[PDB]
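Here we start with a single chain on its own, the form deposited in one PDB entry, put down as structure tokens.
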């Protein structure tokens, strides 16, 4: 099922949240799955430059009617944001698209990482694919590929309550703290821009527009306060020790450290490196009996950089690409 905005009060509240900043409001907002076009029409009433990315062809002519008279403000492109740059290879089918082709049809140039935010994507996360979408975005962000190739593009998406709670867990240990939270809080600044009851969003199924008392019955079953979350990639994410070449080792370290939640850091470090664990834990400042759950994401990054900064030993990691795909 897909959620589309249904009411004009929502269409104006979300539009105002999207374009809240009154100093330099100009941004080429990239809006995905417009649906009927209520949100797009409201944004145009507020004044913006929308590049709509609808997945289905049926809606495409309809939007063309709304923006036909407008000259250049609105551009409808048949593409899906979550299928950009397939890794299988071969010919790129029209449902998918390559990032270079999109950023050539939109005229966007390349912006350095340390510079200002070029664009702003808005939309909603997949209804049942939050985890896979978040992992794909994390791989794209930490490797400077696809969208984040061009710059630190801001993304503002609607997400569910459970995934948000699992995404904002801290060393306070609500027993939801996991690797996704660590990477996302190390590479972004997550904020709750706005909150909406889920029944306020129209639901269209793949079969057709959802109706009948089953829609009312479905309202009680999946009632959860959807959060519009704002993500900007952190400026100082990449350092000398942490580079787009070395992100795989960091990912493996984080995944290993959560294999045994109730274990200490020193055991995992013994299992992962041939270096003196006590000396490393002395350098990072933590105590010997330090649990992995009681470690901050900044502590994980500092530990990885400290290990990578060891000049004395030629061999530092047992991680190897043979450990993948097996």
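Numbering follows the first chain given and starts at 1. What we label the rigid core is the largest C-alpha set whose atoms superpose within 1.5 Å from one form to the other.
What comes next is about the form deposited in another entry, which is not displayed.
Colleague: Once the core is aligned, does residue 274 move its Cα by at least 2 Å between this form and the one not shown?
Modeller: No, the C-alpha moves less than 2 Å.
Colleague: Would you say whether residue 26 is displaced between this form and the one not shown, judging by a C-alpha shift of 2 Å or more on the superposed rigid core?
Modeller: Superposed on the core, residue 26 moves its C-alpha 2 Å or more between this form and the one not shown.
Colleague: Given that the CA-CA distance for residue 21 and residue 184 shifts by 3 Å or more in that other deposited form, does it become closer or farther?
Modeller: They are farther apart; the C-alpha distance rises by 3 Å or more in that other deposited form.
Colleague: Versus the form shown, are the CA atoms of residue 21 and residue 154 closer or farther apart in that other deposited form, given a shift of 3 angstroms or more?
Modeller: Compared with this form, residue 21 and residue 154 lie farther apart in that other deposited form.
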